[PDB]
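Notes follow the structure.
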Amino acid sequence: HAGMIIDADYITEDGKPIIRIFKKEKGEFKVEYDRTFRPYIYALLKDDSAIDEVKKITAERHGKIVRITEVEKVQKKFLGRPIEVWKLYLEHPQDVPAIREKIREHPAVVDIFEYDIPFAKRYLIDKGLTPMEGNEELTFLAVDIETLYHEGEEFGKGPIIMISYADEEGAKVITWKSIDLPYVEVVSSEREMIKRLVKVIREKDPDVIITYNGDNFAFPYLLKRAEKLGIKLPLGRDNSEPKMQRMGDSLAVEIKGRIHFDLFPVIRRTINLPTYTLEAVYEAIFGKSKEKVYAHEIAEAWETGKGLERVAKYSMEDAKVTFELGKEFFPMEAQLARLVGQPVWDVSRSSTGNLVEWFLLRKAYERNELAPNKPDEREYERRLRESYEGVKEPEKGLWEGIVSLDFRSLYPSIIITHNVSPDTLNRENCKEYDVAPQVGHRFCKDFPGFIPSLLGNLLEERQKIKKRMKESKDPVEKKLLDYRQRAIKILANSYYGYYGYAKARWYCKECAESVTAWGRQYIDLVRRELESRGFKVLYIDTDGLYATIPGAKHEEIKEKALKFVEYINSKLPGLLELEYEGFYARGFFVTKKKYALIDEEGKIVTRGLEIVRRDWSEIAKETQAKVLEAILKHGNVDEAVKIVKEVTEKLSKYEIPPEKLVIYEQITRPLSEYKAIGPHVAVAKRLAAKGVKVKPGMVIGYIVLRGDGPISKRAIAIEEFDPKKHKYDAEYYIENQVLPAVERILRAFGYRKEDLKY
DNA sequence: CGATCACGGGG
DNA sequence: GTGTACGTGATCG
Ligand SMILES: [Mg+2]
Ligand SMILES: [Mg+2]
C-alpha cells in the first residue's frame, strides 16, 4: 500500500509463520500480515536424480518432525556463471537450522546456500520492499533512568530512583521521593514510577524510543526491576514487553511496532572520541558542556535526602540531550536503512561491513545471483592470517600546523574502472583483462563484475541527487537529498574495506590487494605533488595522510592545502576525489592508526592510544592523560618524561593513594565455568567463600599486593585492603600499568621503556 | 608459547 | 531467531 515501512518481523500462529510489516500511513500506525511467504534454502546436487533422496531428508523441532514441503529446480548465477540448484521449501523459519546440516551432510549434496538469512530480512528482499520510503513524519520520545548503585553490586540490586523522558513538549522526571522542581512528577514508589513510564509511552505512542545505551542499561534494568516487582511493561504496540536479544557478547532491545533507537552504537561509528559518554558526545556535536553527576553522588543524595534537586536536573538533562541527539542522528540512519533496504533497528546496530552485505544480498536477489556463504571458523581464521603485499612508518617527533587529507573517495572509482570483483578474478578463457600493478592479479574485462556494476549505479545515482540538489529551490527537498547522497558516499566508501572483511560473503583478498595497488599510483602522485609544493608528509595510510610545511605560518599551510585539493581534483579523472579533512595546531604519530593531535580550539584528538577503561588503574590513565597534555597542550616531551619518572618514583616509595591503584573487572559467568583464573576471579572465589552472592555482571575491584608469583595469588578485594597492613606491588603498577600506558606514546620521541625512570 | 578473557556505554 | 559484535591487549596455564 501507501505507508512508510518502519519494521518487519514474524510471529507464529497455530505453528505457522506470519510476517508482520509495521507501517506509518498519514500519521496512523498500520500492520499488514502475510501468511503466504515461504522459508527456503538452496542445494547444489552432484546430479538431478539425487533430488529423490534429498527431498526425503527430515529433522525434529518442537516435538514434531520437520520435512521439505516442496522442491523446485532453478536457474541462477554463481561467480558470474549459470548454475542449477534446488530450492528447498520449509514450513517454518526455525525448520532451516533444524534441517540444514542434515542436507549438507548428504553425499549427493555439493553445497547448500542462503541458509542463515533471517525470515524478516528474507521477506523484505524477496518482495522488493524498502523501509523508510516517503515523506512520512515519525514521532520521537527519549527515555532514561537513574538508579541507586553501590560499587560491586549485582546488576539490578538497587532500585530505579528516577525515570526521565523528553520530546518537543519538554523534558520531565518521574521520581518516588519529594523534589520540588516544575518538571518533576512525584509518585509513591518505584512500582508506581515504572507504571507511570508505561502510561507515558502508551499515551504518547512514539514511533521511535531514543535511549543512550538503552540496549545494555536502561531497558535490561527496567526489565529486572519490573520482574522483581511483578509488573508487566506492555510497551509494544501489540502490548508485548521489550525484548532482549543477545547480539554478540552484549544485548540489543526491541519494542514491537516501534523503533528502539539506541544512540550509543550509532554515535560510536559516526564520530571519533576517546570515550563515548553522553557528556563527551553532546559537547562534540553541539559545542556545549554538560555536567556529569556520578553514581556515588546520586547514591549519597538519594540515601541522605540532600541535594536531590541536582540529581533530578541531571536526570532531566540526560533525557533532554538524548532527544536532541536522536533528532540529529536519526535522519542519516533512516536514509541508510532505505538505501540498504533493512529496518533502522537492524541498520543502526550494524557495522558498514554488514550494511554492504545486506545491500549485496538484495542486489543478488534482483539479479538472480546465488549468494556465497559466510566462512566457517577455519576459513575465517585462514583469512585473518592472509598476508597482503604492497604505507611507511610515520615521521618521529612533535609537529606543528598539520593538515589532514582523506583518500577514501578514490577507491570506488578504482573498483569500477578496473572491474575489480571476485567473479572477474583470474577468469578462464578471458579475451581481455586488467593486470593489477605489482601484485599482478587479472580481472576479466569481458562482462561487468557484480560489485563494479552495483558501485557504478550508486555513483551515478549520487551524481543525479547532487545535480537535483543544485537545481532545487525547496530547502526541505535539499536537506533530505543531502542526507541521501551522504548515505551513498558512506556505502560506496565501504566496499574497499568490505573486500578484506574476513566475515564477508563476497570476500576477495586479491580484490582488496589490487584496489590498494592501483590506489597507491594516485597516492604516490598526491605525495610527490605535495613535496614539490614544500609540504612534508608526516603520516600516510590507505585512508589518508597528514602533512605540514615545516616552519610555515598556519594560514599559509591551510591556504596552500585547500588550493592543492582544488588543483589535484581538476587533474584526477572521473569521480576520483581528494578531500581536505581538517587542520591541527600540533600532533605526533606513533605507527599505523596510532597518533594524537590537537586542534586550534585546544581539543585533543587521538586514535589507537588512549586507555579509558575500568580494567586499568587510575594512576596509569591519569599519567597517560598528563603525558598527552604535556606533549600536545604544552609542546613539551621533556615535561612528559619527567611526569613518568616522578610517578614511578612515588609508586616505589609508597606515596601513591591506594584508591588510584584499584583495578575493576566484571564476572561474566558462574565462577565454576572459568578455565583460567585471573586476579578478579581469585578475589571473587574468596568473596563467594565468605557468603557473597557472586553473579555474572558483578564488577570486582582489587589491588595487586607485593609478593611471589602470578598476580592472581596476590590480588586483594578493595574492601579488604588495609593501608596499615597491606603493601601494594610497586613493580607491577610501574611495569604493567604506568609504563605500558605511556611507552607507545614516548616511542614516537625516541624513548625506550628503560629511559622513563630515575 | 597458545588459550582464555576482559574492555566499551550506563547507575 | 535462516541469530549470537569487534578488535585488541593482558594474564593464565
Ligand atoms: Mg527485528
Ligand atoms: Mg541518566
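Convention: sequence-line order gives letters A, B, ...; per-chain numbering from 1. Just so it is clear, the values below take in all heavy atoms, side chains as well, and ignore hydrogens, waters and symmetry mates.
Heavy atoms of A:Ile160 sit nowhere under 4.0 angstrom from any nucleic acid atom. Nucleic acid contact class of A:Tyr501 (heavy atoms, under 4.0 Å, all strands): sugar-phosphate only. Looking at heavy-atom distances under 4.0 Å, A:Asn373 makes no contact with the nucleic acid at all. Here A:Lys593 lies out of heavy-atom contact (under 4.0 Å) with every strand. A:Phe219 comes within 4.0 angstrom of nothing in the nucleic acid, heavy atoms only. Looking at heavy-atom distances under 4.0 Å, A:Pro118 makes contact with sugar-phosphate atoms alone, never a base. At a threshold of 4.0 angstrom between heavy atoms, the contacts of A:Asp262 with the nucleic acid are absent.
Here the side chain of A:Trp616 is nearest to one of C:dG9, B:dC7, B:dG9, namely C:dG9. Comparing atom distances between the A:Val96 side chain and each of C:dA5, B:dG9, C:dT2 picks out C:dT2 as nearest. The side chain of A:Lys503 lies closest to C:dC6, out of C:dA5, C:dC6, C:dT2. In the set C:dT11, B:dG9, B:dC5, C:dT11 carries the atom at the smallest distance from any side-chain atom of A:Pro679.
A parallel orientation is assigned to the rings of A:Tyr294 and A:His296, their planes being inclined by less than 30° (bins at 30° and 60°). Relative orientation of the A:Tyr221 and A:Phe217 rings is tilted, given thresholds of 30° and 60° on the angle between their planes.
Applying the 5.5 angstrom centroid cut-off and the 30 degree plane-angle cut-off, the aromatic ring of A:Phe217 is not stacked upon the base of B:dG10.
A distance of about 24 Å separates the P atoms of C:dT4 and B:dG8, rounded to the whole Å.
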